[PDB]
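Visitor: Generate coordinates for the sequence data below:
(chains A, B, C, D, E, F, G, H, I, J and K, ligands or ions: 1)
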Amino acid sequence: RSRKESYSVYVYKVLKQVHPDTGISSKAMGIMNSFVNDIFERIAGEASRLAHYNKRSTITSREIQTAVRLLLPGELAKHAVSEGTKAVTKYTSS
Amino acid sequence: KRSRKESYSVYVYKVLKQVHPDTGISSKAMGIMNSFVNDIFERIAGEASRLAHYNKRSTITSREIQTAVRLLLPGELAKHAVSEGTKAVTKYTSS
Amino acid sequence: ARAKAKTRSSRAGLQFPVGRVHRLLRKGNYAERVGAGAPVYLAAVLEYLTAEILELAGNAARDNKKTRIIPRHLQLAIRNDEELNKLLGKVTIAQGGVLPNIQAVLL
Amino acid sequence: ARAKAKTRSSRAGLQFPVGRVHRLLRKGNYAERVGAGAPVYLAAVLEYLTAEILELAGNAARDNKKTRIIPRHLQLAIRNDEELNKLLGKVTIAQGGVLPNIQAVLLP
Amino acid sequence: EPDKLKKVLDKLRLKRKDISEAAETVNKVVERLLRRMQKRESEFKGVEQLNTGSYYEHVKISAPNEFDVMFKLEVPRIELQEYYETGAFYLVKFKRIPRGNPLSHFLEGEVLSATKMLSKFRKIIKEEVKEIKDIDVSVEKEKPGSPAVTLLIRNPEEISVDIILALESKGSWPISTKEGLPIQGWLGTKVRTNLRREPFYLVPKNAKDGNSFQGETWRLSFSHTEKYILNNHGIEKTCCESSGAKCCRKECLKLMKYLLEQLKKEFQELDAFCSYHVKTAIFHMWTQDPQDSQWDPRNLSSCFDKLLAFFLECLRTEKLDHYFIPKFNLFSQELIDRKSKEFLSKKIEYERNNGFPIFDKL
Amino acid sequence: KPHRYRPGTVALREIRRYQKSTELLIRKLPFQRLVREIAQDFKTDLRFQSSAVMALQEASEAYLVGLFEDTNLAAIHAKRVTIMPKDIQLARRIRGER
Amino acid sequence: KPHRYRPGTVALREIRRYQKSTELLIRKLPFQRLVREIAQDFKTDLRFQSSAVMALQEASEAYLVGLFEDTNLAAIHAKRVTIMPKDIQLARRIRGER
Amino acid sequence: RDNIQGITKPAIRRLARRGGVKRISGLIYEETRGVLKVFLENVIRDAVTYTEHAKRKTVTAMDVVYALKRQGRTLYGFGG
Amino acid sequence: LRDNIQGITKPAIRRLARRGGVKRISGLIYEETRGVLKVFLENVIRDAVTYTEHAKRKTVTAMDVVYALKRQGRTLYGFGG
DNA sequence: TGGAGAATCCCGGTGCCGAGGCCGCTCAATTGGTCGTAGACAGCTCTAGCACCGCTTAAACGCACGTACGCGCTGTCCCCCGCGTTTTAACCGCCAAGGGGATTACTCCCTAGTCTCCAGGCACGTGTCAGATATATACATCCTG
DNA sequence: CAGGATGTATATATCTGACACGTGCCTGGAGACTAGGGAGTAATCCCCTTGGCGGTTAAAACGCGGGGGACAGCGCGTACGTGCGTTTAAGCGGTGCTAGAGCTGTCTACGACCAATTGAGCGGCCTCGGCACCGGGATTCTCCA
Ligand SMILES: [Zn+2]
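Guide: Residues are numbered from 1 along each chain as shown, chains lettered A, B, ... in the order given. Dropping the coordinates below:
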C-alpha cells in the first residue's frame, strides 16, 4: 500500500545477459540500487551545472557526453562515449 | 551592448563602513568577497534544496534554511547566525 | 488503426528504463527542458557501467566456488580495478571486508 | 493608492538585497516555490557572515598600520580564527600566503 | 568377435611401447621449450602446454612420426562476435582493459589480427628452438593455410610436433553454448556447474574462405572438459579405475575411432571427417546411456553394434548436434555433401558385412 | 614447554582471519548504549531504528579500519612495527581533521 | 675568513622572507611554455587568456606549498630535518592521490 | 555510565589486525577511543538534525545515510 | 616545445620549499617535485580543456580553470569566483 | 660573558595611480490584484521500538613469563649550504596584425501541455535449492633438540 | 635437518530460509497533436592574443670548502605478546506494550502570475590619498675570548 519503485528488474535482466547462471543476494540488489542512484545524481548535477555555465535552459546529449567525459577515468570514458553514441544513432533511426 | 554585470560590492561597502567607518578596501579583495559570498550562497542553497527534496515538500521555507545553516556552520557560528536570522524574520513579519 | 506502444528502451535496444529516467529527470529540478536524446545516452551509460561491474563481480563470486554474489565479492570487484577504485574511492560498502595485504617488512 | 515603495531589506533592517536574492533563488533550480521568509533568513545570514569576516580583517589591517584591506589581511583573519578556518578549510586565497610558523625542533 | 578387437588394441599398446620413447623424447624437448619461453622477454610470457593426457585416447596421433600438444595462452577481456551463424567461428575483440593491452600491435583496428599474431608466434618459436641445438630439432613451414608450426626432430629419426595455439579465456562460456553439454539427468548438476565454471579455448583456423576476414576467425575448443568426461566416461566416476567396473566404453571408442581411421584413410575422398565426429557421437551415446551394464567388455560386440546402429540413425535424419553447441550442428551439406555421407554409409556397411576385415591386418 | 608459539605467529593468523571475514567486530549492546547516551545530549526522549544503529556501526568500523591503515603506513615510515599515538596524531593531522 | 655564516642561518632568513611575501615564486615564461606544451596533447591550436595562466600558476604554487607542509610534518616525524622522496610518497599516499 | 570502556581492548586488537597491524603500544586504546568518540559526535549531531527537521521522534536509517553522504563518506547497503 | 620541465630551476623549488618552512633539502627531491607538479597540471588542464571544448571556444578562459579547480575540491577565490 | 659586521625596520620625502565620489541612465524590484494549490491540522491505524526475563557461553580479564624492539650512545663520512664569479634570458615596454568571442537579427524544430489508453512493474503467494553447519581427513606450517 | 603438534583447507550429509517463479492489477508510460520558445545560423565588430625586438640585471650555474647531520653498530631493559584460569555479560528467544510514524481527508493561507512605476544599481569620469620607493640612520643578531 506504499508502492515504491527500484531498478532491480533491469539489473536482473542485465545480469542474465552477462552471466546466465549466477544469482544475487538480497543485499547486493540493494547495493546496486544505491550505486545507480549515486551515479545518476552525479551525472545529473554535473549536466545541470554545465547548462548553467553555458547559459542554456535545456539538457541535451552534448551535456550528458561532456559530463561523462568529466566523470569517467581513462578507457572507461572512451567506452562509455562509444556506447552512448551508438545508442543515440540507433534511436534516431526511428 | 555594455552587458551589465552584478556584484555585491555596494552592500559590502555599506557593511564595511557600518562596521569600520574608517578603513578602505582594494578591488581584488572585493573580488574575493564576491567569490566568497557566491560560494557559501550556493552551498546553503544546494543543501536546502536537497533537504526539501528528501522530505517530499516543494517549498523552501525559513525552517529549511535554518536547519541548513545549522548543518553547515560549526558550533557557535551557527548559533549566532541562527539568532540573527530569526530576529530578522521576526522583525520582517511584523511588517 | 492504433500504434500499439513500443517502449523507448526497445528502440534504443536497452534493458534499463528510458521513461522512468525521463520522468526522474523532469521532476528533479535539473533544467527547464530536457532533450529527447539525453535519457537514451544516460541509460546506455548506466547499463554499460552495470554490466562492467557485474561481470567482474560474477567472476569474483565464481572464483570462490560460489553461486550467489555477496557483498564481499562486490567489494573485491571494486578494489581490483584501478579506475573503478578511483571512481569509488570514498565509498564504504557494508559487509564488504578489507583488501588482503601484508607489508613486506612484517614477514 | 500605491503607497511609496519600501525595500524588503528595509523592513527587515538589513543592507543586503532581498529582491536580488529572491530572484536568484527562483532562478537557481532549487525548488518549485520559495517561501516569503526564506530570503530574509538568507540575507541576514550572509550579512552577518560578511560583517563577521570584515571585523577581523579590519583589525588585522590596522595591526599592520594600514588603512586599506588587501587579500593578505583577509587570509590572516581567516587563518587566525579557529572557527572560520573550519569553514574555509578547503579554500585557496589568491595572493594570501601562509601563517608564519616554524617547528620548535628547528630553532637554534 | 571381441578377441581380435582386444588384440588389435594390444597392437596399439605395442605402438604405445614405441611411442613411449618417441613421445618422451619429443615431450622432453617441448618441455624444454616451455621452460625457455617463460624466461624470454616477449608477449608470450605465460604460455603453458595444455595437458590432455598422453594416451592415444588423449591426444592427436597417427603414424609414429607426428605428435601433438596444445599450447595455451591467457588472454585479457575477450568479447566474441559470431561470424558463422552456425555458431562455430568468431571475430575476437577486447574490452576496456584500463592499464594497457600488450597486444595492440596484433590488432587490425578493433579486431585481433590472428595473422599478425601467428606470424610473430611462428617467428619467436622458430628462433627459440633455433637457439639451442642439444637434440637435432628444426622447424618446417608449409603454406599458411592451417596455422601450425611444425618442428622436425632428428632424434632418433623424424619427429614432427604441430604446436597449436589455443586462447585461454576464463570469462563466461558465451551464450552460443548456453544449452550445450546436457548431462543434468545422467550425471548431475553439480558436475555440470563445476565443469562449466572452467575456462574455454579459442584456436586459430581459417574457416574456408567464403569470407573477407581471413585468419581472424577462431574455433571453440573444449579439450579439457572432453578429456575429463572421457576419463570419467561412466555415470560412476570410478570408471577406468580399480575402484570400479571394467566397461567397454573406452574400448568401443577405440574400436569405432580406429576402424573409421583405417577405412577412411584407405578411401581418401572422405577426409573431411575428423576425430571430433566420433567423440561427439559417443558423447551423445554415453549421455543417453542410462545403464552401466550396457557397457561392459563382455558386451563389447553388442555395445559396438548398438553404437553402429546409433551412427546409422544419426546419419539417417541429417543432424548431429555439437555436444557443446547444439545450435552449431556440423552435419550440414554445405560442409559435407550428402552423397559423401551416404558413400560413407556404404563403406560402413562394407565393414559391417565383411566381419571387420580391416582389423585382419598386421 | 608444551607448544609455545613465538610472538607474532598468532598475530599473523589473526590478520589472515580478519582480512577474510566480513562480520562486525564490535559488540552490539555496548555500541547501542553508547549511541543512545551520546544522542541524549542533543535531544532527550529519542528513538532509534535498529537499521540506523547497524548502519552507524558499519560506518564507524570502516572508518577505524581506514585510519589504522594509515597509522600502519606511518609506523612503517618511522622504521618501526609498533604503532604509537604520535602516528595516529600525525595521520589525523595530515588527513585534515585538525 | 670574511663573514662565513653557519649553515642554516640564511635558510631561516629566507624562510622568514618568503613567509611574509605574496608574490609568485616561479618564472612566468617557463610556466606558460610548459602549460602550452602540456595542453597541445588534448587539442591542437589552442589559445589561452593571460588570466587563465595566472590562475593556474597561483593554484599550482598553493598546491605545492600545501604539500611541502605535510612533507615537513613527515620529516619531523621521522626524527630528521632533511626531506626525502619517501616522505613525499607517504604524504601523497595518505592524502589519497594513489 | 562510562560505556566508552565497553570498547574493549581485544576489540581494538581485532580492528588493528584487520588493518594489518602487528604490535600496539599500551597508550593507543584511550586515544583511539577519543577519536571514535569525536567521529560519532559529528555523525550523530548531523543525523539528529536531519531527524528533528522532519518533526519525528525516532531516528531512521535515511537520516544517518544523509549525514554520512554530506561528509564525503557515502554508504551503500542501508536504503536510498 | 621540449625540455620545459627543466625551466623549474632548483633555486625555485628551493624558494617554494623555504615558503613551505623546510630547513634542509636533499638533492633528489627536485625530480620528485617536477613529476608531482606535472601530473597535477595534467589532471587540471584535462578538465579545463574539456570545459573549453564543450563551450566551443578556442581560448581557455579563467572561468574554465576556476571550474576545473572547484570540481576537485580546490576552490580558488580572486579570479571571478 | 664582550665587539664588530651586516641585514632589517622606520622614518622621511617624492610621486603616482587607484579607490572614492559624482553623474547619467535603465531595467528590475515593488505594488496591487487575482487564483490556484501545498501544506497544516485532526483522526485513525498499526508498526516497531522499548522493556523484561531466562539462559548459555563466549569473551573479557588478570597474571606470569619471556624476548625482541626501541632507544640511547658513539663514531664516521658525505653532501648540502654559504659564498663568489659568470652568463643568459625573463621581463618590460612596444608595436603590429589578425583571430575569434560576443552581439544582433533571423529562423525553425523540438519539447511541454493535453488527452486517451494500456502494459510493465509492484505487491502477494508459492516452491525449491544454495549455503550454513557438523563430522572426518589430510595437508601445511611452525618449532625445537 | 626431522619428526611432532597444531592449524586450516577439504570433503560429505542435512536442513533451511532465502531466492526464484507465478499471478493479479494499477499507475505511469506511450501515441498524436499543438503552440511556443530555445537553439541554430550568419554577419560584424572590436577586443585581446600572438609575435617581435632590444637592453638589463637578477637570477641561475658552477665551483669549493667544511661542518653537521644521516646512518651504522652495540647494548640494555622493558613493554608487549602468549597462554591459562575465572568471571561477566552479550546475545538470543520470546512476550507484551504503546508511542509515534504513516496515511487520509479538509481547508486555508500563501505563492505564482500579470501589468505598471520607479528607484537602485551599473557604466563612465574625475580626483585626491595610500602606498611604492629610495635613503639613511637605528638597532638587532651573529660570530669570539
Ligand atoms: Zn573403461
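
Visitor: How about the residues of chain F by DNA strand K?
Guide: Residues of chain F lying close to DNA strand K by CB under 7 Å from any atom of the strand are F:2-11, F:13, F:16-17, F:20, F:27-30, F:45, F:47, F:82. Heads up, the C-betas are built off the backbone N, CA and C, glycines and all.

Visitor: element containing the closest residue to chain G within chain H?
Guide: Sorted by distance to chain G under CB to the nearest CB, the residues of chain H start with residue H:72, at 10.6 Å. Here residue H:72, judged by DSSP states H and E, is contained in no helix and no strand.

Visitor: In this model residue C:92 seems to touch it, though I could be wrong.
Guide: No. Judged on CB atoms under 8 Å, residue H:72 makes no contact with residue C:92 at a distance of 10.8 Å.

Visitor: Neighbour count for those two, which is higher?
Guide: Using other CB atoms under 10 Å in any protein chain shown, the more surrounded residue of residue H:72 and residue C:92 is residue C:92, with 20 against 10.

Visitor: can you tell me if stretch A:47-57 touches chain B.
Guide: No. Stretch A:47-57 does not reach chain B (CB under 8 Å from any CB of the partner chain); its nearest approach is 10.1 Å.

Visitor: What residues sit buried inside that stretch?
Guide: For stretch A:47-57, a neighbour-count test (16 or more other CB atoms under 10 Å in any protein chain shown) marks A:47, A:48, A:49, A:50, A:51 as buried.

Visitor: Ok, stretch H:43-59 next?
Guide: H:43-54, H:59.

Visitor: and what of stretch F:61-76?
Guide: For stretch F:61-76, the neighbour count (16+ other CB under 10 Å) marks F:61-65, F:67-76 as buried.

Visitor: do the same with stretch C:93-104
Guide: In terms of neighbour count (16+ other CB under 10 Å), stretch C:93-104 has its buried residues at C:93, C:94, C:95, C:96, C:97, C:98.

Visitor: Look up the closest residue to the second one, ignoring the ones flanking it.
Guide: What it means is residue C:94. In space, and not counting its chain neighbours, residue C:94 is closest to residue H:77: 3.4 Å by CB to CB, 6 or more residues apart in numbering or on different chains.

Visitor: Next step: the residues of chain F next to DNA strand K restricted to strands.
Guide: With strands taken from DSSP state E, the overlap with these comprises F:47, F:82.

Visitor: is it true that residue H:6 touches residue F:35?
Guide: No. Residue H:6 is beyond contact range of residue F:35, at 11.2 Å (criterion: CB under 8 Å).

Visitor: quick one, which of these two is more surrounded?
Guide: Ranked by neighbour count (other CB under 10 Å), residue H:6 and residue F:35 place residue F:35 first, with 23 against 15.

Visitor: can you pull the contacts of the more buried one?
Guide: Counting by CB atoms under 8 Å, 6 or more residues apart in numbering or on different chains, residue F:35 touches F:48, F:53, F:56, H:40, H:44.

Visitor: TSV for those, including distance to residue A:3 and secondary structure?
Guide: Listed next are these as TSV, based on distance: CB to CB, whole Å; DSSP: H, G, I helix; E, B strand; the rest coil:
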residue	distance to residue A:3	secondary structure
F:48	27	strand
F:53	28	helix
F:56	29	helix
H:40	36	helix
H:44	32	helix
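
Visitor: Switch the residues you listed over to CSV; also include distance to chain I.
Guide: Below are the contacts of residue F:35 laid out as CSV (distance: CB to the nearest CB, whole Å):
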residue, distance to chain I
F:48, 33
F:53, 31
F:56, 26
H:40, 25
H:44, 25
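
Visitor: Out of these, which is nearest to residue C:59?
Guide: Nearest to residue C:59, judged by CB to CB, of the contacts of residue F:35 is residue F:56 at 32.5 Å.

Visitor: if we can go back for a sec, now name the helix or strand holding the closest residue to the residue of chain H closest to chain G other than its chain neighbours.
Guide: Of all residues not flanking residue H:72 in the chain, residue C:90 sits nearest, at 5.3 Å (CB to CB, 6+ apart). Here residue C:90, judged by DSSP H and E, is contained in no helix and no strand.

Visitor: Also residue A:11?
Guide: Residue A:11 belongs to helix A:8-18, assigned by DSSP H and E.

Visitor: just so I have it, where are all the strands in the chain?
Guide: No chain was given, so I picked chain A. Using DSSP E, strands in chain A cover A:23-24, A:58-59.

Visitor: Oops, wrong one, chain H.
Guide: All strands of chain H, identified by DSSP E, fall at H:23-24, H:58-59, H:75-76.

Visitor: Contacts only, for the residue nearest the centre of chain C.
Guide: Compute the mean C-alpha point of chain C, and by CA atoms, centre = their mean the closest residue is residue C:50, 3.0 Å away. Residue C:50 sits next to A:11, A:14, A:32, A:36, C:16 when contact means CB under 8 Å, 6+ apart.

Visitor: Over to residue A:58?
Guide: Neighbouring residues of residue A:58 by CB under 8 Å, 6+ apart: A:51, C:31, C:32, C:33, C:34, C:35.

Visitor: Tell me the bridge partners for it.
Guide: Beta-bridge pairing for residue A:58 (DSSP bridges): residue C:33.

Visitor: returning to what we had before: going through the residues of chain F next to DNA strand K, which ones are buried?
Guide: F:11, F:30.

Visitor: residues in contact with residue H:80?
Guide: Residue H:80 sits next to A:33, A:34, A:37, H:62, H:65 when contact means CB under 8 Å, 6+ apart.

Visitor: For the first one, give its distance to residue A:76.
Guide: Using CB to CB, to the nearest Å, residue A:33 is found at 21 Å from residue A:76.

Visitor: Look at those two and report which has more neighbours.
Guide: residue A:76 (22 against 18).

Visitor: Wait, that one touches residue E:96, no?
Guide: Yes. The pair residue A:76 / residue E:96 is scored as a contact, 6.3 Å apart, by CB under 8 Å.

Visitor: can you list residues touching both of the two?
Guide: Common contacts of residue A:76 and residue E:96, defined by CB under 8 Å, 6+ apart, comprise residue C:52.

Visitor: follow-up on the earlier one: what's the most distant pair in the contacts of residue H:80?
Guide: A:33 and H:62, at 13.6 Å, using CB to CB across those.

Visitor: need the contact list for the residue nearest to residue H:72.
Guide: Neighbouring residues of residue C:90 by CB under 8 Å, 6+ apart: G:96, H:72, H:73, H:74.

Visitor: Contacts only, for the first one.
Guide: This means residue G:96. Residue G:96 neighbours (CB under 8 Å, 6+ apart): C:89, C:90.

Visitor: cool, and the third one?
Guide: Each residue near residue H:73 by CB under 8 Å, 6+ apart is listed here: C:90, C:92, F:59, F:63.

Visitor: which residue ranges form the helices in the chain?
Guide: Here I'm looking at chain A. For chain A, applying DSSP state H gives helices covering A:8-18, A:28-53, A:61-71, A:75-92.

Visitor: You answered for a different chain; I wanted chain C.
Guide: Remark: helices assigned in chain C by DSSP H are C:8-12, C:18-26, C:38-63, C:71-79, C:84-87.

Visitor: Once you drop chain neighbours, what's closest to the residue in chain F that chain B sits nearest to?
Guide: At 10.9 Å from chain B, residue F:42 is the closest residue in chain F, using CB to the nearest CB. Closest residue to residue F:42 apart from its sequence neighbours, by CB to CB, 6+ apart: residue H:48 at 4.7 Å.

Visitor: residues touching the residue of chain C found nearest chain D, list them.
Guide: Chain D sits closest to residue C:29 of chain C, with a gap of 4.7 Å, by CB to the nearest CB. Listed by CB under 8 Å, 6+ apart, the contact set of residue C:29 reads B:49, B:53, D:29, D:30, D:31, D:32.

Visitor: and which of these is nearest residue E:275?
Guide: Within the contacts of residue C:29, the smallest distance to residue E:275 is 67.7 Å, found for residue B:53 (CB to CB).

Visitor: how much space between residue H:62 and residue H:78?
Guide: Noted for residue H:62: a distance of 8 Å to residue H:78, by CB to CB.
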